[PDB]
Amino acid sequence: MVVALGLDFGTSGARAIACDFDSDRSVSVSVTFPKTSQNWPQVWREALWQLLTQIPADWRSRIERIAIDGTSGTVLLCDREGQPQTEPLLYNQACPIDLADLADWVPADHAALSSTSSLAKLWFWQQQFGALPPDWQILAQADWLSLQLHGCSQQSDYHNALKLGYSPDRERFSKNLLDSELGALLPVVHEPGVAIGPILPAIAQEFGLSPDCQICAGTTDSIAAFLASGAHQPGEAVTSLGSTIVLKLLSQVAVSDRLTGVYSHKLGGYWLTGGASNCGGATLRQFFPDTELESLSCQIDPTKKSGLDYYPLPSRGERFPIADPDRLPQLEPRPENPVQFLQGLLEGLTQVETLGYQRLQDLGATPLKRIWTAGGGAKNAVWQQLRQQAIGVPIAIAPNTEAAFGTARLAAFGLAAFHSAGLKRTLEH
């Protein structure tokens, strides 16, 4: 097999992981971003070079494929040569545009129809600049960074391109969009993991990389995190028990529900759907520090219900599994015993995950087969028991959770595992 390099540019820093997949060995390096910047592109690019520099020379001489994940909806408006013409619009920033202005360019309830989408941001830039030059380009963070390595302009992947208006189901931008004032700025879209081009000669020599090293189409940090688990059978899921509960479910068919923010990414011959609740670990942290979560959790017997019926929102408003912007946290009655209170909370969170996966199924997704767990709550075995009892499928801690590692797997193996040849055997004599 191959020594491959994955680069993860996330919300607060970047990480690089190089893996020798025959020896199953690896090296990891990282850089931390400032909270603010006058020149984010400079920060990101310098981070890229820092990461490469930190990798030992002998590893660098062996890297054959490279891939990059970036944050979703972080975009840059660049000239022909890839120089940013204005500040980037970050993944979390929303644009004050009329979504009706986009209606002719994507299907109804397409995921791009959101004030934070790459498409919303390109349109905002169009209105702000008046008329965008056709030789210019819009690039996602991942796009721009890989451009620093392979020199090929206007290149993206069908994960990052989704919220720019790509329709992975028909593998195209709508003709209406391509023919519009914005068409000339759109990227050519490839499958994540496919080789875009060889590394730039000068970059290869500067950093001691093979000049035959290939740079692959990238992905988003969220998807990269899913790729880290190794899951590739429809029905397999990764639950992230973090500040919020985030569900990702591998499915044979695409599902969507704009009301609850549910949409699907293409993933080889399959689809990755999911959803994000406002409930999660942040609610727990409002009441208990991690050490207390531990010390109290081991006093809980999950085989006996608490009698408490909580909905553990950290504040007003729920998004998923069921949308209600007015929904109140339901945290009463609060019993005297903190152990029982914590059990009530864990039971509530468990209901959020249970209803979440069952909901995805009810929208048409492949029925849940098993769950891999990531995030701060993953090692809570009492919570794991409650979840297993409520959901009725095997649950375990994900083998790997690092987005950089998922992206390294993407560089090494692409999306080959995500096709029906790998399904469970049904052969019987």
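Residue numbers here begin at 1 and follow the sequence given.
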| remark: Per the PDB entry, mean CA B-factor is higher for 239 to 247 or 102 to 110, namely for 102 to 110
| task | Report the stretch with the higher mean CA temperature factor, choosing between 127 to 135 and 313 to 321 on the basis of the entry. | result | 127 to 135
| Selection by C-alpha B-factor (highest) of 230, 73, 275, 344 | 230
| query | With respect to the C-alpha temperature factors reported in the PDB entry, which of 220, 286, 141, 350 ranks highest? | reply | 286
| task | Ordered by C-alpha B-factor within the chain, which third holds residue 401? Give me lowest, middle or highest, please. | result | middle
| request: Classify residue 202 as lowest, middle or highest third according to the C-alpha B-factor given in the PDB entry, relative to its own chain. | output: lowest
| task | Give the position of residue 58 by CA B-factor within its chain, expressed as the lowest, middle or highest third. | result | highest
| query | Mind checking which third residue 191 falls in for C-alpha B-factor across the chain? | reply | middle
| field | Third assignment of residue 46 from its chain's C-alpha B-factors | value | middle
